[PDB]
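Worksheet: the structure to be examined is printed underneath.
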Amino acid sequence: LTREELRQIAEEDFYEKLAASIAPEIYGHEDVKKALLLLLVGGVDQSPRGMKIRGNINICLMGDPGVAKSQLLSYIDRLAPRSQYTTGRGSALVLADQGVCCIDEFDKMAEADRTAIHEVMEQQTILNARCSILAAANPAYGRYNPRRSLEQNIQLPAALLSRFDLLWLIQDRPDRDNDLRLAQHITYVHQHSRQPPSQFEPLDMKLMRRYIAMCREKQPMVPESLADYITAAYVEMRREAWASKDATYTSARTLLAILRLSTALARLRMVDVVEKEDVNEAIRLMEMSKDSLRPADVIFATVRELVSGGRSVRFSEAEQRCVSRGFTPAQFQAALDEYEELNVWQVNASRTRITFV
Amino acid sequence: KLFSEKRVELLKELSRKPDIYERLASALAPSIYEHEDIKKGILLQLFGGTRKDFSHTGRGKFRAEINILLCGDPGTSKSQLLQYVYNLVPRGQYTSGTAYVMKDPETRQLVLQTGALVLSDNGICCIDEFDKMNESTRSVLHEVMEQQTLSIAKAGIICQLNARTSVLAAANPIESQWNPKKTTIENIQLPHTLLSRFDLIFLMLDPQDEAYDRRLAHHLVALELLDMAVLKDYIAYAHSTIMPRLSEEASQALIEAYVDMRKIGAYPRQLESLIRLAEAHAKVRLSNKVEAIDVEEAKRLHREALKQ
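Line order of the protein sequences matches chains 7 and 4. With the deposited numbering as the guide, the letters of the first sequence map in order to residues 319 to 409, 433 to 467, 478 to 644, 656 to 719. With the deposited numbering as the guide, the letters of the second sequence map in order to residues 439 to 535, 544 to 669, 680 to 721, 729 to 771.
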């Protein structure tokens, strides 16, 4: 780019403007726009210790007909530098090397081609097939049924869905105000030949293409400090997915996907080191994607800490420990009396020892 | 022939280390974690047994090559391990779930083309998604598993082919999840013949233990060289040079092992597999005689696999 144009990209809230600039003609779905932007950016590719890891982001968008999936696919085909737009029957993977393969009517294809798709997804090879797969799908009956399981509603194997690093469900939920807003936006787009006036005018396609090309040039390195936090977050997510039977199998592929998302965010912000904000944003995006489918008590605890094998507790030790915690002796006496009312314990008349009932 | 004296001396020095076996277990598939028994079994299969000709006895050529079956959830180390074995082992073959007739355009004569199984003769053949294969192919597999030969009688073409290959198969349970049951068929639905033909069956279960997930995630985020390059030539040297033979003490140990094993249920084929495993371990130690240690280790591994 010309650096002045990069500054023209780098105003405040630039991430939101870039997300909205992709397919602004379709109201809402900012999360899907962010996912497509990260797919355009993509993660990093590394070959450590004899194995090759993927940085490509493959996203599967499924929804009832009429949720403007085809228009999103056409727009991303137009915007991506190397993009191959194809249908279920109509087929390409090699032609979109180092690019984006946008395929629609995925659910309307025979399993024989699906079997070959798995190798492309897992190893980006066929020949090399290093491409980002963007798949579109529809429910089997024409309407998504939340009663049925996800696999049955998608009629695809669980492994194929797992190999997709991102799954986005769009449902045509009838809301009166939302329907009226969508209708009026469609009317304005139809009449005025233009998008409705938003807060910020979206950037040009060429400018966005150049920005993506420049952001792909950088290869951020993951710091070792955030590794422990990433492991803790992955543990929490996998525990949650184990507790829920209907959640997708959170194998190593989920951790690889979130690492790819963090690296893509780091490339987007043009920083050679991945920060915790990128990790938090990746966790937020994954969570949204999976969602689409008194002094008395403190003093009582303080004196409870001194019940290590004893029934009676000295008054002075408890008083000193309570004062060390930041409580005045008046509050200590008040808490002692209040918990004495509850028949918890009895205080000696000499105020030297307390016997716990 | 292909080794200088210094290479043989270095191999002897390495073999004199009592830990080399376990160290070689650490050498196999560094990216794979906490599957030491599986690596041990793979190494034993690489060593294999010794070939014996029973022409004077009137018996057929007994199989002397080891086959291992793996079963578990998809997305695990199956495909990566199979690729590692195929890349490391020369003449290895990778297939997913035979001979055929081709017309000669010159003489109009029907000639034969050899499938991957025949092409991998004296090599290792690895198969993914064993459960998802047609029943006709699995019916064919019985002959190659048992007699190491293959006979065809079709359209007047009658032929017999040698198929000295080792089968390393990966399978997926029918439930796609380890349902709490008793027999492996209740989860995988395989006939008793194919299961009995396998020398070693291992099951990959992802435990619901938090610390295991910690270790897996750390190994992933954090994701030797002196060993595998030497090991290829070391395995070639062991195959070409040494052959173990059975002893009286190991004879008594194997007899006792068989009579104890049948009380649990037992077929003579598992006894043959135990003999083969003892030969493999003797080759591992580069010992020309099979001793108590080989039999004890083979029995330990078999009992560990059965317990799991």
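Don't be surprised by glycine CBs; every beta carbon is placed ideally from N, CA and C.
* Taking contact to mean at least 3 C-beta pairs separated by less than 8 angstroms, is the region 330 to 350 of chain 7 in contact with the region 599 to 610 of chain 7? -> By the C-beta criterion, the region 330 to 350 of chain 7 is judged not to be in contact with the region 599 to 610 of chain 7, since fewer than 3 inter-stretch pairs fall below 8 angstroms.
* With 16 other Cβ atoms within 10 Å as the buried cut-off, status of residue 639 (chain 4) -> Start at 1 with the first residue of the second sequence, and residue 639 (chain 4) comes out as number 193. Residue 639 (chain 4) is classed as exposed because its beta carbon has fewer than 16 other beta carbons within 10 Å across all chains shown.
* For the alpha helix (DSSP H) containing residue 662 (chain 7), list its first residue and its last residue. => Along the first sequence, one-based indexing puts residue 662 (chain 7) at 300. Note, residue 662 (chain 7): alpha helix (DSSP H), 657 to 666.
* Mind checking who residue 479 (chain 4) pairs with in its DSSP beta bridge? => The residue given as residue 479 (chain 4) occupies position 41 in the second sequence. According to DSSP, residue 479 (chain 4) shares a beta bridge with no other residue.
* Asked: What are the start and end residues of the beta strand (DSSP E) that includes residue 715 (chain 7)?
  -> Position 353 of the first sequence, counted from the start, is the residue given in the question as residue 715 (chain 7). Note, residue 715 (chain 7): beta strand (DSSP E), 715 to 718.
* Asked: Once you ignore the five residues that flank residue 567 (chain 7) on each side, which residues in its own chain have a CB closer than 8 angstroms to its CB?
  -> Here residue 567 (chain 7) refers to the residue found at position 216 when the first sequence is read from its first residue. 359, 360 and 618, listed in sequence order.
* Asked: Hey, would you say residue 470 (chain 7) sits closer than 7 angstroms to residue 462 (chain 7), going by beta carbons?
  -> Coordinates for residue 470 (chain 7) are absent; the numbering of chain 7 skips from 467 straight to 478.
* Burial state of residue 480 (chain 4) (16 or more Cβ within 10 Å) -> For the purposes of this step, residue 480 (chain 4) is taken as the residue at position 42 of the second sequence. Counting other Cβ atoms within 10 Å of its Cβ, residue 480 (chain 4) reaches 16 or more and is therefore classed as buried.
* Closer than 7 angstroms by beta-carbon distance: list the chain 4 residues that pair up with residue 602 (chain 7), in chain order. => Stepping through the first sequence from its first residue, residue 602 (chain 7) is reached at position 251. Chain 4 residues near residue 602 (chain 7): 513.
* Asked: Per DSSP, what kind of secondary structure is residue 398 (chain 7) in: helix, strand or coil?
  -> Here residue 398 (chain 7) corresponds to residue number 80 of the first sequence, with the count starting at 1. Here residue 398 (chain 7) sits in coil by DSSP.
* According to DSSP, which residues form a beta bridge with residue 489 (chain 7)? -> The residue given as residue 489 (chain 7) occupies position 138 in the first sequence. Answer is none; residue 489 (chain 7) lacks a bridge partner.
* Are the Cβ atoms of residue 537 (chain 7) and residue 584 (chain 7) separated by less than 7 angstroms? -> In the first sequence, the residue the question calls residue 537 (chain 7) occupies position 186. In the first sequence, the residue the question calls residue 584 (chain 7) occupies position 233. In this structure, residue 537 (chain 7) keeps its C-beta atom at 7 angstroms or more from the C-beta atom of residue 584 (chain 7).
* Can you find a CB in chain 7 that lies within less than 7 angstroms of the CB of residue 667 (chain 4)? -> If you number the second sequence from 1, residue 667 (chain 4) lands on position 221. Yes - at least one Cβ of chain 7 is within 7 angstroms of the one on residue 667 (chain 4).
* **Rounded Cβ spacing between residue 522 (chain 7) and residue 492 (chain 7) (contact assumed at less than 8 angstroms)** => As a position in the first sequence, residue 522 (chain 7) is number 171, starting the count at 1. As a position in the first sequence, residue 492 (chain 7) is number 141, starting the count at 1. About 13 angstroms separates the two Cβ atoms, so there is no contact after all.
* To do: Output the distance between the C-alpha atoms of residue 657 (chain 7) and residue 667 (chain 7), rounded to the nearest integer angstrom.
  => Mapped onto the first sequence, residue 657 (chain 7) falls at position 295. Mapped onto the first sequence, residue 667 (chain 7) falls at position 305. Their backbone Cα atoms lie some 15 angstroms apart in a straight line.
* To do: Identify which residue in 670 (chain 7), 679 (chain 7), 662 (chain 7) and 357 (chain 7) has its Cα closest to the Cα of residue 706 (chain 7).
  => Looking up residue 706 (chain 7) in the first sequence gives position 344. The option with the nearest alpha carbon to residue 706 (chain 7) is 662 (chain 7).
* Interface residues of chain 4 around residue 369 (chain 7) at Cβ under 9 angstroms? -> Sequence index remark: in the first sequence, residue 369 (chain 7) carries index 51 (1-based). The answer, in chain order, is 469, 518 and 669.
* Closer than 7 angstroms to chain 4 by CB, residue 606 (chain 7) -> As a first step, residue 606 (chain 7) is located in the first sequence; it is residue number 255 there, counting from the start. Interface residue (Cβ-Cβ distance to chain 4 less than 7 angstroms): residue 606 (chain 7) is classified as such.
* Cα-Cα, which of 711 (chain 4), 736 (chain 4) and 691 (chain 4) is closest to residue 462 (chain 4)? -> To locate residue 462 (chain 4), count along the second sequence from 1; it is residue 24. If we check each option's Cα against that of residue 462 (chain 4), 691 (chain 4) comes out closest.
* With 16 other Cβ atoms within 10 Å as the buried cut-off, status of residue 479 (chain 7) -> Here residue 479 (chain 7) refers to the residue found at position 128 when the first sequence is read from its first residue. The residue in question, residue 479 (chain 7), is exposed, as its Cβ has fewer than 16 Cβ neighbours within 10 Å.
* To do: Just the C-alpha distance for residue 456 (chain 4) and residue 698 (chain 4), rounded to the nearest angstrom, thanks.
  => Start at 1 with the first residue of the second sequence, and residue 456 (chain 4) comes out as number 18. Start at 1 with the first residue of the second sequence, and residue 698 (chain 4) comes out as number 242. One C-alpha to the other measures close to 19 angstroms.
* Meets three-Cβ-pair contact criterion under 8 angstroms: the region 698 to 709 of chain 4 and the region 685 to 696 of chain 7 -> No contact exists between the region 698 to 709 of chain 4 and the region 685 to 696 of chain 7.
* To do: Using a Cβ cut-off of 8 angstroms, pull out every chain 4 residue sitting near residue 509 (chain 7), in sequence order please.
  => As a working note, residue 509 (chain 7) is residue 158 in the first sequence. Going along chain 4 in sequence order, the residues near residue 509 (chain 7) (Cβ under 8 angstroms) are 622.
* Asked: Does the beta carbon of residue 701 (chain 7) come closer than 7 angstroms to any beta carbon on chain 4?
  -> Working through the first sequence from its first residue, we reach residue 701 (chain 7) at position 339. Chain 4, which has no Cβ nearer than 7 angstroms to the Cβ of residue 701 (chain 7), makes this no.
* To do: Name the residue from 667 (chain 4), 509 (chain 4) and 491 (chain 4) whose alpha carbon lies nearest to the alpha carbon of residue 621 (chain 4).
  => Here the question's residue 621 (chain 4) lines up with position 175 in the second sequence. Selected option, being the one with the closest Cα: 509 (chain 4).
* Asked: Rounded to whole angstroms, how far is the Cβ of residue 542 (chain 7) from the Cβ of residue 342 (chain 7), which I believe are closer than 8 angstroms?
  -> Taking the first sequence and counting its residues from 1, one reaches residue 542 (chain 7) at position 191. Taking the first sequence and counting its residues from 1, one reaches residue 342 (chain 7) at position 24. Between residue 342 (chain 7) and residue 542 (chain 7) the Cβ distance is about 16 angstroms, and since that is not below 8 angstroms, they are no contact.
* Closer than 9 angstroms at the beta carbon, the chain 4 residues around residue 576 (chain 7) -> Position 225 of the first sequence, counted from the first residue, corresponds to residue 576 (chain 7). Counting only Cβ-Cβ distances below 9 angstroms, residue 576 (chain 7) has no contacts in chain 4 at all, with the closest Cβ about 13 angstroms away.
* Using the beta-carbon of each residue, which ones in chain 7 are nearer than 9 angstroms to residue 790 (chain 4)? -> Because residue 790 (chain 4) is not part of the residues shown, which for chain 4 are 439 to 771, the question remains open.
* Asked: Is the number of C-beta pairs between the region 553 to 565 of chain 4 and the region 591 to 608 of chain 4 that are closer than 8 angstroms three or more?
  -> A contact exists between the region 553 to 565 of chain 4 and the region 591 to 608 of chain 4.
* Asked: Nearest chain 7 C-beta to residue 463 (chain 4) closer than 7 angstroms, yes or no?
  -> Numbered from its first residue, the second sequence carries residue 463 (chain 4) at position 25. Not one chain 7 Cβ lies under 7 angstroms of residue 463 (chain 4).
* Asked: Interface residues of chain 7 around residue 659 (chain 4) at Cβ under 7 angstroms?
  -> Within the second sequence, numbered from 1, the residue matching residue 659 (chain 4) stands at position 213. Close partners of residue 659 (chain 4) in chain 7 (Cβ separation under 7 angstroms): 586 and 589.
* Which chain 7 residues are close to residue 662 (chain 4), counting only those with a beta carbon under 8 angstroms from its beta carbon? -> What you label residue 662 (chain 4) is simply residue 216 of the second sequence in a count that begins at 1. Against residue 662 (chain 4), the close residues of chain 7 are 603, in the order they occur along the chain (beta-carbon pairs closer than 8 angstroms).
* **Separation of residue 681 (chain 4) from residue 611 (chain 4), as counted between CA atoms** => Here residue 611 (chain 4) corresponds to residue number 165 of the second sequence, with the count starting at 1. Here residue 681 (chain 4) corresponds to residue number 225 of the second sequence, with the count starting at 1. Pairing residue 611 (chain 4) with residue 681 (chain 4), the inter-Cα distance amounts to about 28 angstroms.
* Asked: Roughly how many whole angstroms lie between the Cα atoms of residue 573 (chain 4) and residue 589 (chain 4)?
  -> Taking the second sequence and counting its residues from 1, one reaches residue 573 (chain 4) at position 127. Taking the second sequence and counting its residues from 1, one reaches residue 589 (chain 4) at position 143. C-alpha separation (whole angstroms): 17 angstroms.
* What first and last residue would you give for the alpha helix (DSSP H) that runs through residue 557 (chain 7)? -> Numbered from its first residue, the first sequence carries residue 557 (chain 7) at position 206. For residue 557 (chain 7), the enclosing alpha helix (DSSP H) has its first and last residue at 556 to 567.
* Which residues, in order along the region 351 to 366 of chain 7, keep a beta-carbon less than 7 angstroms from a beta-carbon of chain 4? -> Going along the region 351 to 366 of chain 7 in chain order, one finds 366 with a Cβ nearer than 7 angstroms to chain 4.
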